[PDB]
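**Q** sequence, then structure. It's an experimental one.
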Amino acid sequence: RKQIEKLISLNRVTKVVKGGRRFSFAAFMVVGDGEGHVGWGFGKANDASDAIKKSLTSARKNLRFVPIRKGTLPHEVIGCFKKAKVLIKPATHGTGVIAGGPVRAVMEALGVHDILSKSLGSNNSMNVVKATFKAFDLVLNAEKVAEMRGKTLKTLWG
RNA sequence: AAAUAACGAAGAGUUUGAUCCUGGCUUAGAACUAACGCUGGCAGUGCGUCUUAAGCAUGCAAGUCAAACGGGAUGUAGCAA
């Protein structure tokens, strides 16, 4: 189903040697099924196209299931990676993905449709994506939490 | 799987040979009793000395009561009253 692929970053880096300085390309990439599966990948190469391909291949291995809810997330989460804090909050329908660059990329790849978000702290795009994925770790699902708390979905409110 | 509530929060450039973090500066927006530059058809509504509480030609902006009173003047009746 036409896996969405969004190129977050294509940075050009270098290391110096006795001869001079040698250049290289790093590509940070997010792929997603669009229906609950999403993953990210990092690639490095001597040229942009090979770096892009490597990042794609790496991303296709870190696919993980995130339980979406009718096109949004069950509850407000805060993802803290190293210094990138990302607050994500589900919203009433038809609001639209109110998110920055990397957050919007990962969200449309995931399939979410209607959230608000804010990127506090560092704006390093790669760290922001990783913080978003930590928030994905923090998100829950109703049946399991109810099965581990010894309740049932109706009883969980009464 | 679900229920209810929420009717609303977007980033980016820039320290380095390159990187992360800290950090300031700058930037896309909405405004004003605005001014200036180029250009300029109309209508409706609203607004129009933010500075010298500086000096001011001119005209107007607080008068009315004759059924409160004694008189003057005028016209008529009146010889005069």
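**A** In hand now; what should we look at? Residues are numbered from 1 along each chain as shown, chains lettered A, B, ... in the order given.

**Q** quick check: chain neighbours aside, which residue is closest to the one residue in chain A that gets nearest to RNA strand B?
**A** Going by CB to the nearest atom of the strand, RNA strand B is nearest to residue A:100 of chain A, at 2.5 Å. In this view, the C-beta of every residue, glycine as well, is placed from N, C-alpha and C. Leaving aside its sequence neighbours, residue A:100 sits nearest to residue A:119 (CB to CB, 6 or more residues apart in numbering; 4.9 Å).

**Q** repeat for residue A:66
**A** Residue A:66's closest residue in space is residue A:136 (CB to CB, 6+ apart), at 4.9 Å.

**Q** ok, now residue A:124?
**A** Once flanking residues are discounted, residue A:124 sits nearest to residue A:84: 6.3 Å by CB to CB, 6+ apart.

**Q** quick one, phi/psi of the one you found?
**A** Backbone geometry at residue A:84, expressed as degrees, to the nearest 10, gives phi -100, psi 110.

**Q** and if you look at residue A:39?
**A** Main-chain torsions, residue A:39, degrees, to the nearest 10: phi -160, psi 160.

**Q** thanks a lot, catch you later.
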